[PDB]
>>> print(open('work-v5.tsv').read())   # TSV, C-alpha atoms and all ligand atoms
chain	number	residue	atom	x	y	z
A	1	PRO	CA	-18.93	-26.98	-37.32
A	2	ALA	CA	-16.72	-24.11	-36.14
A	3	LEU	CA	-17.41	-22.35	-32.83
A	4	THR	CA	-19.47	-19.20	-33.07
A	5	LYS	CA	-18.01	-15.97	-31.72
A	6	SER	CA	-20.55	-16.05	-28.81
A	7	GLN	CA	-19.50	-19.60	-27.99
A	8	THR	CA	-15.84	-18.60	-28.08
A	9	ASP	CA	-16.60	-15.69	-25.71
A	10	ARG	CA	-18.28	-18.15	-23.30
A	11	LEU	CA	-15.31	-20.51	-23.29
A	12	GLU	CA	-12.90	-17.60	-22.71
A	13	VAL	CA	-14.76	-16.62	-19.54
A	14	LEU	CA	-14.05	-20.15	-18.34
A	15	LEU	CA	-10.51	-20.32	-19.67
A	16	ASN	CA	-7.48	-19.88	-17.41
A	17	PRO	CA	-4.01	-18.81	-18.67
A	18	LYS	CA	-2.27	-22.16	-17.97
A	19	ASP	CA	-5.10	-24.45	-19.24
A	20	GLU	CA	-3.26	-25.18	-22.53
A	21	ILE	CA	-6.04	-26.78	-24.63
A	22	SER	CA	-6.90	-26.44	-28.35
A	23	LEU	CA	-10.09	-24.50	-29.18
A	24	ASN	CA	-9.51	-25.60	-32.82
A	25	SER	CA	-9.52	-29.42	-32.59
A	26	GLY	CA	-12.95	-30.76	-33.74
A	27	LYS	CA	-14.61	-31.19	-30.33
A	28	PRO	CA	-18.14	-29.68	-29.90
A	29	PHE	CA	-18.91	-26.60	-27.78
A	30	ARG	CA	-20.97	-28.59	-25.28
A	31	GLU	CA	-18.01	-30.86	-24.41
A	32	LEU	CA	-15.44	-28.03	-24.36
A	33	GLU	CA	-17.75	-26.06	-22.03
A	34	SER	CA	-18.37	-29.04	-19.77
A	35	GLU	CA	-14.61	-29.76	-19.44
A	36	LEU	CA	-13.87	-26.14	-18.46
A	37	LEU	CA	-16.78	-25.91	-15.98
A	38	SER	CA	-15.44	-29.06	-14.40
A	39	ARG	CA	-11.94	-27.60	-14.07
A	40	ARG	CA	-13.15	-24.25	-12.72
A	41	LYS	CA	-15.29	-25.96	-10.07
A	42	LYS	CA	-12.22	-27.98	-9.08
A	43	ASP	CA	-10.20	-24.72	-8.76
A	44	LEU	CA	-12.79	-23.17	-6.46
A	45	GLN	CA	-12.96	-26.37	-4.42
A	46	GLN	CA	-9.17	-26.37	-3.99
A	47	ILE	CA	-9.18	-22.76	-2.75
A	48	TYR	CA	-12.05	-23.47	-0.35
A	49	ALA	CA	-10.35	-26.59	1.05
A	50	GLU	CA	-6.85	-25.04	1.33
A	51	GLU	CA	-6.14	-21.31	1.45
A	52	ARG	CA	-9.54	-19.50	1.39
A	53	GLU	CA	-7.92	-16.08	0.76
A	54	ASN	CA	-9.01	-13.58	-1.79
A	55	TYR	CA	-6.13	-12.45	-4.08
A	56	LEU	CA	-6.90	-8.76	-3.62
A	57	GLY	CA	-7.11	-8.99	0.20
A	58	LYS	CA	-3.98	-11.11	0.27
A	59	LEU	CA	-1.98	-8.72	-2.00
A	60	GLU	CA	-3.06	-5.93	0.31
A	61	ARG	CA	-1.73	-7.76	3.39
A	62	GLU	CA	1.55	-8.67	1.66
A	63	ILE	CA	2.07	-5.05	0.55
A	64	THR	CA	1.18	-3.75	4.03
A	65	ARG	CA	3.79	-6.03	5.62
A	66	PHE	CA	6.43	-4.91	3.08
A	67	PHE	CA	5.99	-1.20	3.86
A	68	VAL	CA	5.51	-1.55	7.59
A	69	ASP	CA	8.78	-3.54	7.79
A	70	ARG	CA	10.58	-0.72	5.91
A	71	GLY	CA	9.51	2.07	8.36
A	72	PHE	CA	6.27	3.32	6.69
A	73	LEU	CA	3.23	4.12	8.88
A	74	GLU	CA	-0.06	2.50	7.72
A	75	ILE	CA	-2.88	5.00	7.07
A	76	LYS	CA	-6.66	4.37	6.75
A	77	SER	CA	-8.30	7.61	5.64
A	78	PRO	CA	-11.79	8.42	4.36
A	79	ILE	CA	-12.92	7.11	0.99
A	80	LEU	CA	-15.68	9.75	0.77
A	81	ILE	CA	-13.88	13.14	0.69
A	82	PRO	CA	-14.84	16.83	0.23
A	83	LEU	CA	-15.18	17.97	-3.35
A	84	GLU	CA	-12.94	20.94	-2.42
A	85	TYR	CA	-10.00	18.53	-2.11
A	86	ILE	CA	-10.28	17.86	-5.88
A	87	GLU	CA	-10.07	21.54	-6.79
A	88	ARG	CA	-7.26	21.97	-4.31
A	89	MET	CA	-5.50	19.15	-6.22
A	90	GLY	CA	-5.43	21.47	-9.25
A	91	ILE	CA	-8.31	19.68	-11.02
A	92	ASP	CA	-10.48	22.55	-12.34
A	93	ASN	CA	-13.99	21.91	-13.76
A	94	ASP	CA	-12.59	22.11	-17.35
A	95	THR	CA	-10.07	19.22	-16.89
A	96	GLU	CA	-10.95	15.71	-18.19
A	97	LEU	CA	-10.20	14.09	-14.82
A	98	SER	CA	-12.98	16.38	-13.48
A	99	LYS	CA	-15.47	14.53	-15.68
A	100	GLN	CA	-14.31	11.22	-14.18
A	101	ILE	CA	-15.34	12.06	-10.61
A	102	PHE	CA	-18.26	10.35	-8.83
A	103	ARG	CA	-20.08	13.08	-6.87
A	104	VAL	CA	-22.18	12.11	-3.85
A	105	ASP	CA	-24.00	15.18	-2.45
A	106	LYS	CA	-23.43	18.86	-3.17
A	107	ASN	CA	-20.22	18.62	-1.17
A	108	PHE	CA	-18.53	15.21	-1.39
A	109	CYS	CA	-17.17	12.71	-3.90
A	110	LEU	CA	-15.60	9.24	-3.99
A	111	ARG	CA	-11.85	9.80	-3.93
A	112	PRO	CA	-10.25	9.33	-7.32
A	113	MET	CA	-6.79	9.21	-5.72
A	114	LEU	CA	-5.06	8.96	-2.33
A	115	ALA	CA	-2.94	12.14	-2.56
A	116	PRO	CA	-5.21	14.65	-0.79
A	117	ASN	CA	-5.56	12.62	2.41
A	118	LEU	CA	-1.85	11.77	2.34
A	119	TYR	CA	-0.92	15.44	1.98
A	120	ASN	CA	-2.97	16.23	5.09
A	121	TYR	CA	-1.36	13.41	7.08
A	122	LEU	CA	2.12	14.56	5.99
A	123	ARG	CA	1.45	18.12	7.25
A	124	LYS	CA	-0.06	16.92	10.53
A	125	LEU	CA	2.43	14.23	11.41
A	126	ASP	CA	5.28	16.68	10.77
A	127	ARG	CA	4.39	18.25	14.15
A	128	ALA	CA	4.89	14.93	15.94
A	129	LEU	CA	7.22	12.55	14.10
A	130	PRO	CA	10.97	12.64	13.55
A	131	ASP	CA	12.39	13.25	10.09
A	132	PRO	CA	11.93	11.56	7.71
A	133	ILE	CA	8.21	10.94	7.67
A	134	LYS	CA	7.23	7.77	5.85
A	135	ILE	CA	3.56	6.82	5.24
A	136	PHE	CA	1.39	4.67	2.98
A	137	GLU	CA	-2.24	3.90	2.32
A	138	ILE	CA	-3.95	1.10	0.43
A	139	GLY	CA	-7.60	1.38	-0.50
A	140	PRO	CA	-10.44	1.90	-2.99
A	141	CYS	CA	-10.48	4.79	-5.49
A	142	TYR	CA	-13.06	5.64	-8.14
A	143	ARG	CA	-13.02	7.07	-11.65
A	144	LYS	CA	-15.68	6.96	-14.43
A	145	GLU	CA	-13.64	5.50	-17.31
A	146	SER	CA	-13.87	5.42	-21.12
A	147	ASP	CA	-12.12	2.00	-21.46
A	148	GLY	CA	-12.25	-1.49	-19.89
A	149	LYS	CA	-9.14	-3.50	-20.83
A	150	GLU	CA	-6.78	-1.89	-18.21
A	151	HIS	CA	-9.17	0.58	-16.47
A	152	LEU	CA	-11.80	-0.12	-13.80
A	153	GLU	CA	-14.28	2.29	-12.35
A	154	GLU	CA	-13.64	0.86	-8.88
A	155	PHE	CA	-10.00	0.06	-8.20
A	156	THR	CA	-7.51	-0.24	-5.35
A	157	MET	CA	-4.47	2.02	-5.02
A	158	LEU	CA	-1.33	1.70	-2.98
A	159	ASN	CA	0.30	5.10	-2.40
A	160	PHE	CA	3.48	5.54	-0.40
A	161	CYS	CA	5.53	8.62	0.33
A	162	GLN	CA	8.47	9.98	2.27
A	163	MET	CA	8.97	13.60	3.38
A	164	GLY	CA	12.11	15.36	4.74
A	165	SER	CA	15.58	13.82	4.38
A	166	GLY	CA	16.49	11.09	1.84
A	167	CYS	CA	13.95	12.24	-0.76
A	168	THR	CA	15.92	11.46	-3.87
A	169	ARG	CA	15.22	9.94	-7.21
A	170	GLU	CA	17.74	7.15	-6.49
A	171	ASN	CA	15.90	6.25	-3.23
A	172	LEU	CA	12.53	6.33	-4.91
A	173	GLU	CA	13.80	3.96	-7.62
A	174	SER	CA	15.37	1.66	-5.05
A	175	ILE	CA	12.14	1.29	-3.08
A	176	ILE	CA	10.16	0.68	-6.26
A	177	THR	CA	12.79	-1.82	-7.39
A	178	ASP	CA	12.77	-3.73	-4.04
A	179	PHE	CA	8.93	-3.72	-3.95
A	180	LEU	CA	8.34	-5.15	-7.44
A	181	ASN	CA	11.18	-7.71	-7.19
A	182	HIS	CA	9.64	-8.83	-3.83
A	183	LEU	CA	6.30	-9.35	-5.61
A	184	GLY	CA	7.92	-11.02	-8.62
A	185	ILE	CA	6.72	-8.46	-11.20
A	186	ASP	CA	8.88	-7.49	-14.20
A	187	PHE	CA	9.18	-3.75	-14.89
A	188	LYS	CA	11.12	-0.83	-16.26
A	189	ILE	CA	11.25	2.75	-15.03
A	190	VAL	CA	10.92	5.40	-17.76
A	191	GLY	CA	11.36	9.12	-17.11
A	192	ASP	CA	12.78	12.32	-18.61
A	193	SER	CA	16.53	12.10	-19.32
A	194	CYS	CA	18.27	14.78	-17.17
A	195	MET	CA	15.39	15.68	-14.77
A	196	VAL	CA	16.39	16.25	-11.10
A	197	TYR	CA	13.97	18.35	-8.98
A	198	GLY	CA	10.29	17.92	-10.04
A	199	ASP	CA	10.46	14.56	-11.89
A	200	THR	CA	7.66	12.23	-13.00
A	201	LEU	CA	8.57	8.59	-13.60
A	202	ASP	CA	6.37	5.89	-15.00
A	203	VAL	CA	6.78	2.27	-13.98
A	204	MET	CA	5.83	0.15	-16.98
A	205	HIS	CA	5.17	-3.53	-17.68
A	206	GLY	CA	5.38	-3.55	-21.50
A	207	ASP	CA	2.68	-1.05	-22.55
A	208	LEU	CA	0.87	-1.27	-19.20
A	209	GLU	CA	1.49	1.49	-16.61
A	210	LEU	CA	1.90	0.02	-13.11
A	211	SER	CA	2.60	3.31	-11.39
A	212	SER	CA	3.29	6.94	-11.78
A	213	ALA	CA	5.82	8.33	-9.31
A	214	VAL	CA	6.96	11.80	-8.30
A	215	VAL	CA	10.10	13.42	-6.88
A	216	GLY	CA	9.01	16.60	-5.08
A	217	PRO	CA	8.90	19.35	-4.21
A	218	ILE	CA	6.32	20.68	-6.71
A	219	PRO	CA	4.31	23.96	-6.66
A	220	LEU	CA	1.06	22.25	-5.59
A	221	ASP	CA	2.69	21.42	-2.20
A	222	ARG	CA	2.04	24.91	-0.87
A	223	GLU	CA	-1.76	24.50	-1.26
A	224	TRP	CA	-1.46	21.69	1.32
A	225	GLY	CA	0.92	23.40	3.76
A	226	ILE	CA	3.90	21.29	2.68
A	227	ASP	CA	7.34	22.99	2.26
A	228	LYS	CA	9.81	20.05	2.40
A	229	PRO	CA	11.26	17.66	-0.16
A	230	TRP	CA	9.31	14.45	-0.75
A	231	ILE	CA	9.07	11.32	-2.94
A	232	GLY	CA	6.07	9.11	-3.70
A	233	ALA	CA	4.37	6.61	-5.98
A	234	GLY	CA	0.92	5.18	-6.61
A	235	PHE	CA	0.28	1.62	-7.84
A	236	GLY	CA	-3.01	-0.03	-8.90
A	237	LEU	CA	-3.37	-3.38	-7.07
A	238	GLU	CA	-5.58	-4.86	-9.84
A	239	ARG	CA	-2.89	-4.10	-12.46
A	240	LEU	CA	-0.33	-5.79	-10.26
A	241	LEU	CA	-2.58	-8.90	-9.94
A	242	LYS	CA	-3.28	-8.92	-13.68
A	243	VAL	CA	0.44	-9.02	-14.42
A	244	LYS	CA	1.27	-11.51	-11.69
A	245	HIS	CA	-1.49	-13.96	-12.60
A	246	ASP	CA	-1.38	-13.31	-16.35
A	247	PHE	CA	-5.06	-12.39	-16.65
A	248	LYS	CA	-6.09	-11.21	-20.16
A	249	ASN	CA	-8.73	-8.88	-18.71
A	250	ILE	CA	-8.34	-6.67	-15.63
A	251	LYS	CA	-11.98	-7.35	-14.61
A	252	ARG	CA	-10.65	-10.72	-13.36
A	253	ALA	CA	-8.64	-8.94	-10.68
A	254	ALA	CA	-11.34	-6.54	-9.45
A	255	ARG	CA	-13.78	-6.53	-6.59
A	256	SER	CA	-16.52	-8.50	-8.34
A	257	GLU	CA	-19.54	-10.77	-8.31
A	258	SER	CA	-18.43	-12.42	-11.64
A	259	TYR	CA	-14.90	-13.53	-10.80
A	260	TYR	CA	-13.29	-14.91	-7.66
A	261	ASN	CA	-9.47	-15.00	-7.72
A	262	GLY	CA	-9.72	-14.88	-11.54
A	263	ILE	CA	-12.20	-17.80	-11.74
A	264	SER	CA	-15.67	-17.29	-13.24
A	265	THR	CA	-18.42	-17.51	-10.64
A	266	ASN	CA	-21.02	-18.15	-13.41
A	267	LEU	CA	-20.72	-21.94	-13.46
A	301	LIG	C1	1.20	13.38	-1.05
A	301	LIG	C2	1.91	12.27	-1.79
A	301	LIG	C3	1.36	12.15	-3.20
A	301	LIG	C4	2.10	11.10	-4.02
A	301	LIG	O1	2.64	10.12	-3.50
A	301	LIG	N1	2.10	11.33	-5.34
A	301	LIG	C5	2.71	10.44	-6.30
A	301	LIG	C6	1.75	9.33	-6.68
A	301	LIG	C7	1.08	9.57	-8.03
A	301	LIG	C8	-0.13	8.64	-8.18
A	301	LIG	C9	-1.53	9.29	-8.07
A	301	LIG	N2	-1.53	10.73	-7.86
A	301	LIG	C10	-2.34	9.02	-9.30
A	301	LIG	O2	-3.55	9.05	-9.25
A	301	LIG	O3	-1.65	8.73	-10.55
A	301	LIG	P1	-2.30	7.85	-11.72
A	301	LIG	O4	-3.61	8.45	-12.07
A	301	LIG	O5	-1.21	7.73	-12.77
A	301	LIG	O6	-2.55	6.42	-11.08
A	301	LIG	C11	-1.48	5.67	-10.57
A	301	LIG	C12	-1.78	4.20	-10.78
A	301	LIG	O7	-3.10	3.84	-10.34
A	301	LIG	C13	-3.62	2.83	-11.21
A	301	LIG	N3	-4.87	3.31	-11.84
A	301	LIG	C14	-5.23	4.60	-12.13
A	301	LIG	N4	-6.48	4.63	-12.69
A	301	LIG	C15	-6.92	3.36	-12.74
A	301	LIG	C16	-8.15	2.67	-13.20
A	301	LIG	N5	-9.17	3.38	-13.73
A	301	LIG	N6	-8.19	1.32	-13.08
A	301	LIG	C17	-7.18	0.59	-12.55
A	301	LIG	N7	-6.02	1.14	-12.11
A	301	LIG	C18	-5.86	2.49	-12.18
A	301	LIG	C19	-2.54	2.54	-12.20
A	301	LIG	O8	-1.73	1.50	-11.67
A	301	LIG	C20	-1.76	3.84	-12.24
A	301	LIG	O9	-0.42	3.71	-12.71
A	302	MG	MG	-0.55	8.63	-15.30
>>> encode(input="work-v5.tsv", output="structure tokens")
Amino acid sequence: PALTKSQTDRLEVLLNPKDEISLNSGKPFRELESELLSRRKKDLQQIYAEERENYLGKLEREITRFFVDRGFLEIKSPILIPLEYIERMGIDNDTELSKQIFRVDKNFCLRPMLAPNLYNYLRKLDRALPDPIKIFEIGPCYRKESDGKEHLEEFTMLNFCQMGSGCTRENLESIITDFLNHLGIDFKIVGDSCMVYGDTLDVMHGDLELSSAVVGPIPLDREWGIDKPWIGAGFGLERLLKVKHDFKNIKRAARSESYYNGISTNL
């Protein structure tokens, strides 16, 4: 008797990318399930006995070390931010990204991106730090989404940026290139052909967007008291993990009660 679709869904929760076993080979569901539960328990036992690190926390520490070693100051800014920051980001109440925002009181929301706090740090630190100013933040962001294959409602962003001298497209591409080759993630940078000043580049892994990146200046800068050249990029940590570990579903890389380091916790 063939596996039912529900049975197949159950086994896939338990399946790992490198398991390499035939789901079409005559063996009953109960035995296939029992073999996989056994392997997944072994995986959790190995982690507990040896490393004990969460993939998301560990990616965060590896990324932090990378950017600190290259001259970028580590920022930890509020996750709960004023709603006014969203409007000041040019997201008017008509825009679709405006529908994706988790509001908290009359006045606050969960940040859907790192840019507003980074803009404020850029302006402030410009009164104290020598040119160029190099900063980054890693942390949670929130968007109400309409999909769930590559999009989470709760995700983790890395954003880095540089302001002042050296803010070129070539330098932006070089830092992105060094970063992803350090992590061992394959990519290609796509952008408009002959664009110089206000460019937007996407960093792609096949059809999956890893990052969008910007070469400033852009008109929105003046709303934040910024009047210097800059470069920057934002990367989703869960998309990076999904590519690195070859997860079929991004939920396996998220903050979760259902998966730990890509392994089902429902054993
Ligand atoms: C002052 C300095 C500002 C600065 O430095 N600006 C340039 C940075 C632009 C970036 C910034 N402005 C930005 O938001 O873009 P995004 O909405 O395309 O998200 C970027 C990445 O986050 C991930 N991502 C986005 N939404 C999701 C989601 N629902 N689930 C998982 N990952 C996601 C995904 O990897 C995506 O490519
Ligand atoms: Mg985008």
>>> residues_near_point(input="work-v5.tsv", point="(-14.8, -20.9, -6.4)", cutoff="7 Å", atoms="all atoms listed in the file", output="ChimeraX atom specification")
/A:41,43-45,47,260,263,265
>>> residues_around(input="work-v5.tsv", residues="residue 60 of chain A", least_positions_apart="5", cutoff="9 Å", atoms="all atoms listed in the file", output="JSON, numbers by chain")
{"A": [55, 65, 138, 139, 158, 237]}
>>> closest_atom_pairs(input="work-v5.tsv", of="chain A", to="ligand LIG 301 (chain A)", cutoff="7 Å", atoms="all atoms listed in the file", output="CSV")
residue,atom,partner,partner_atom,distance
A:112,CA,A:LIG301,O2,7.0
A:113,CA,A:LIG301,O2,4.8
A:114,CA,A:LIG301,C9,6.7
A:115,CA,A:LIG301,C3,4.3
A:116,CA,A:LIG301,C1,6.5
A:118,CA,A:LIG301,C1,4.8
A:119,CA,A:LIG301,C1,4.2
A:143,CA,A:LIG301,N5,5.7
A:145,CA,A:LIG301,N5,6.1
A:150,CA,A:LIG301,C17,6.2
A:151,CA,A:LIG301,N6,3.6
A:152,CA,A:LIG301,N6,4.0
A:153,CA,A:LIG301,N5,5.4
A:154,CA,A:LIG301,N6,6.9
A:155,CA,A:LIG301,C17,5.2
A:157,CA,A:LIG301,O7,5.8
A:159,CA,A:LIG301,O1,5.6
A:160,CA,A:LIG301,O1,5.6
A:161,CA,A:LIG301,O1,5.0
A:209,CA,A:LIG301,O9,4.9
A:210,CA,A:LIG301,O8,4.2
A:211,CA,A:LIG301,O9,3.3
A:212,CA,A:LIG301,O5,4.7
A:213,CA,A:LIG301,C5,4.8
A:214,CA,A:LIG301,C5,4.9
A:231,CA,A:LIG301,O1,6.6
A:232,CA,A:LIG301,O1,3.6
A:233,CA,A:LIG301,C6,3.8
A:234,CA,A:LIG301,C8,3.9
A:235,CA,A:LIG301,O8,4.3
A:236,CA,A:LIG301,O8,3.4
A:237,CA,A:LIG301,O8,6.9
A:238,CA,A:LIG301,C17,6.3
A:239,CA,A:LIG301,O8,5.8
>>> residues_around(input="work-v5.tsv", residues="residue 101 of chain A", least_positions_apart="3", cutoff="9 Å", atoms="only C-alpha atoms", output="list in words")
residues 97, 98, 109, 110, 111, 112, 142, 143 and 144 of chain A
>>> residues_around(input="work-v5.tsv", residues="residue 165 of chain A", least_positions_apart="6", cutoff="9 Å", atoms="only C-alpha atoms", output="number ranges by chain")
A: 131-133, 228-230
>>> closest_residue(input="work-v5.tsv", among="A:190, A:68, A:3, A:89", to="residue 134 of chain A", atoms="all atoms listed in the file")
A:68
>>> closest_residue(input="work-v5.tsv", among="A:246, A:202, A:192, A:94", to="ligand MG 302 (chain A)", atoms="all atoms listed in the file")
A:202
>>> closest_residue(input="work-v5.tsv", among="A:250, A:83, A:218, A:201", to="residue 173 of chain A", atoms="only C-alpha atoms")
A:201
>>> closest_residue(input="work-v5.tsv", among="A:12, A:35, A:186, A:221", to="residue 240 of chain A", atoms="only C-alpha atoms")
A:186
>>> closest_residue(input="work-v5.tsv", among="A:42, A:204, A:223, A:48", to="residue 85 of chain A", atoms="all atoms listed in the file")
A:223
>>> closest_residue(input="work-v5.tsv", among="A:203, A:249, A:156, A:78", to="ligand MG 302 (chain A)", atoms="only C-alpha atoms and all ligand atoms")
A:203
>>> atom_distance(input="work-v5.tsv", atom1="atom CA of residue 7 of chain A", atom2="atom CA of residue 255 of chain A")
25.7 Å
>>> residues_around(input="work-v5.tsv", residues="segment 177-184 of chain A", least_positions_apart="6", cutoff="9 Å", atoms="all atoms listed in the file", output="list in words")
residues 62, 63, 66, 67, 240 and 244 of chain A
>>> atom_distance(input="work-v5.tsv", atom1="atom CA of residue 248 of chain A", atom2="atom CA of residue 50 of chain A")
25.6 Å
>>> decode(input="work-v5.tsv", residues="segment 100-117 of chain A", atoms="N, CA, C and O atoms", output="tab-separated table (two decimals), in the first residue's frame")
chain	number	residue	atom	x	y	z
A	100	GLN	N	1.92	45.38	6.23
A	100	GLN	CA	2.71	44.30	6.82
A	100	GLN	C	3.26	44.61	8.20
A	100	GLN	O	3.96	43.80	8.77
A	101	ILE	N	2.93	45.77	8.76
A	101	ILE	CA	3.54	46.25	9.98
A	101	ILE	C	2.75	45.84	11.22
A	101	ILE	O	1.56	46.08	11.30
A	102	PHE	N	3.43	45.22	12.19
A	102	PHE	CA	2.83	44.90	13.50
A	102	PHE	C	2.86	46.13	14.41
A	102	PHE	O	3.93	46.52	14.90
A	103	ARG	N	1.70	46.70	14.65
A	103	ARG	CA	1.53	47.85	15.54
A	103	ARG	C	1.43	47.38	16.99
A	103	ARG	O	0.97	46.28	17.24
A	104	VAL	N	1.87	48.20	17.94
A	104	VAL	CA	1.87	47.77	19.33
A	104	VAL	C	0.98	48.64	20.24
A	104	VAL	O	0.11	48.12	20.93
A	105	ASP	N	1.15	49.95	20.24
A	105	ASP	CA	0.15	50.83	20.89
A	105	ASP	C	-0.42	51.74	19.81
A	105	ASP	O	-0.54	51.33	18.65
A	106	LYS	N	-0.78	52.96	20.19
A	106	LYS	CA	-1.07	54.01	19.23
A	106	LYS	C	0.21	54.43	18.52
A	106	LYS	O	0.17	54.85	17.36
A	107	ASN	N	1.35	54.30	19.21
A	107	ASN	CA	2.55	55.02	18.81
A	107	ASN	C	3.76	54.21	18.37
A	107	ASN	O	4.71	54.78	17.87
A	108	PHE	N	3.74	52.90	18.55
A	108	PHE	CA	4.92	52.08	18.30
A	108	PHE	C	4.59	50.92	17.37
A	108	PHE	O	3.44	50.66	17.07
A	109	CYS	N	5.63	50.26	16.88
A	109	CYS	CA	5.49	49.07	16.07
A	109	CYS	C	6.74	48.22	16.28
A	109	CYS	O	7.70	48.71	16.84
A	110	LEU	N	6.67	46.96	15.87
A	110	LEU	CA	7.85	46.10	15.74
A	110	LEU	C	8.57	46.48	14.44
A	110	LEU	O	7.94	46.57	13.38
A	111	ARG	N	9.87	46.69	14.51
A	111	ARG	CA	10.58	47.20	13.35
A	111	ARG	C	10.52	46.19	12.22
A	111	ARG	O	10.80	45.02	12.40
A	112	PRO	N	10.14	46.64	11.03
A	112	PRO	CA	10.16	45.75	9.89
A	112	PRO	C	11.50	45.74	9.18
A	112	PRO	O	11.71	44.92	8.27
A	113	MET	N	12.39	46.64	9.58
A	113	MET	CA	13.73	46.77	8.98
A	113	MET	C	14.66	47.50	9.95
A	113	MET	O	14.20	48.15	10.89
A	114	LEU	N	15.95	47.41	9.69
A	114	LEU	CA	16.96	48.07	10.53
A	114	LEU	C	17.29	49.51	10.13
A	114	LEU	O	17.81	50.26	10.95
A	115	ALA	N	16.90	49.94	8.93
A	115	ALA	CA	17.37	51.22	8.39
A	115	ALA	C	17.11	52.46	9.27
A	115	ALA	O	18.00	53.31	9.40
A	116	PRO	N	15.92	52.59	9.85
A	116	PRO	CA	15.70	53.82	10.62
A	116	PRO	C	16.66	54.00	11.78
A	116	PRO	O	17.19	55.09	11.95
A	117	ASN	N	16.90	52.96	12.57
A	117	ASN	CA	17.85	53.10	13.68
A	117	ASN	C	19.27	53.31	13.16
A	117	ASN	O	20.06	54.00	13.79
